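Taking the form deposited in one PDB entry, here's one chain by itself in structure tokens.
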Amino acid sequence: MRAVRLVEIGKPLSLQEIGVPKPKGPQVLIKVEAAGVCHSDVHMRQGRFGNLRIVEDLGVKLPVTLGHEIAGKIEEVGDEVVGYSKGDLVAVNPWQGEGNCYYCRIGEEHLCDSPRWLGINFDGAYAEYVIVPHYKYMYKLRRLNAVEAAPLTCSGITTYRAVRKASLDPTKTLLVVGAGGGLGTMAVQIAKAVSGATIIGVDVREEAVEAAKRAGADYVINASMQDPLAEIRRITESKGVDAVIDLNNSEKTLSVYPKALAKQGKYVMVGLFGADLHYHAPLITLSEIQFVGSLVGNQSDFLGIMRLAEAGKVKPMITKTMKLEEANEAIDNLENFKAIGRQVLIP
């Protein structure tokens, strides 16, 4: 079968012809119908996930097939698979754990000490077929097709968990930084569908500010034309927001938005490539604010985003379909910031 893989850090991804794996036990072989491509793949091409080296830190022995945003049809099942049949269309949760470590035992499998992350340190969906280590990491698709579901396994689950980490309720206000981008509009949609909180979206280009409003933001701010902090203080009557979801954590956002927090406010950091946070510790104590990290999501987060999406309560991302052979090009587009919409490869 065809597979686009990282063969050498410093070279582009390479198309190889390799054998189709045979699933055993609880494994499932999926015939890929959609392989999402996101900014994380710009770094995977460089052999990094966050600051982590996939070879040195995650134990990867190259080559590895990329593609952590997976949906497709069941091709074959191992003899211990229960509850699924050949032909079923499913989305896959790639953030898998092994079961024995502390994090797995308490239900936070994505923080597993020996992770099994498909498309990151295990072979992924940039191929005609892909092995899912255990059938429990799937979700049958009824309303969505593969292209609509694939991006949700990464962007959907990530923002779903970040909204949960924001600990919202109707008495509160949420600020989403970069609310008009793909990730930002997904966060706005989820917050509007699940919390009852007042949602403020901020961005810097007019199109983006409009997309945030289309996504459901109650208030939107164009940081290029208005002082964001002053607008936030006006909207919240000087209280500040009870949570910020910062999808960037750049020198730029970290130097402004933490100032928008209300007492006990939660600053949820979702970016994997940003700056250092510099903040006066005594002010964190006096205001009881919290700086909290959020990474992808666990099985419960996966079930939640899939259930929302399958019920039509949040809408799929804007996508552009491409061929498996254009994988390098898709990643190039993200590097050069020329990508419009979420790119999805169709093998």
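Between two forms, the rigid core is the largest collection of C-alphas that superpose within 1.5 Å. One-based numbering along the sequence shown.
In this entry, the higher average B-factor at the C-alpha atoms falls on 334-342, of the pair 17-25 and 334-342. The PDB entry reports B-factors from which the mean C-alpha value can be compared for 132-140 and 191-199; the larger average falls on 191-199. Out of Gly47, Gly293, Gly304, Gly297, the entry records its largest CA B-factor for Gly47.
Sorting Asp169, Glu76, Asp227, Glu108 by the CA temperature factor given in the entry leaves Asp227 at the top.
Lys259 sits in the middle third of its chain by CA B factor, as recorded in the PDB entry.
Sort the chain's modelled residues by C-alpha temperature factor and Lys252 lands in the highest third, per the entry. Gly182: CA B factor in the highest third of modelled residues in this chain (values from the PDB entry). Sorting the modelled residues of the chain by their CA temperature factor places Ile245 in the lowest third. Per-chain ranking of the deposited C-alpha B factor places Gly99 in the middle third.
Keep in mind that the form deposited in another entry is not shown, yet the notes after this line are about it.
Once the core is superposed between the shown form and the other one, every option in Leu303, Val55, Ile289, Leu295 stays below 2 Å in C-alpha shift except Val55. Taking the rigid core as fixed, one finds a CA shift for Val314 smaller than 2 Å between the shown form and the other one. The Cα shift for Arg105 between the shown form and the other one, taken after rigid core superposition, is smaller than 2 angstroms. Core-superposed comparison between the shown form and the other one: the Cα of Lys259 travels less than 2 Å. In the other form, the Cα positions of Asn248 and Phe49 lie at least 3 Å nearer to each other than in the form displayed. Inter-residue distance, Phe49 to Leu303 (Cα): increased by at least 3 Å in the other form versus the depicted form.
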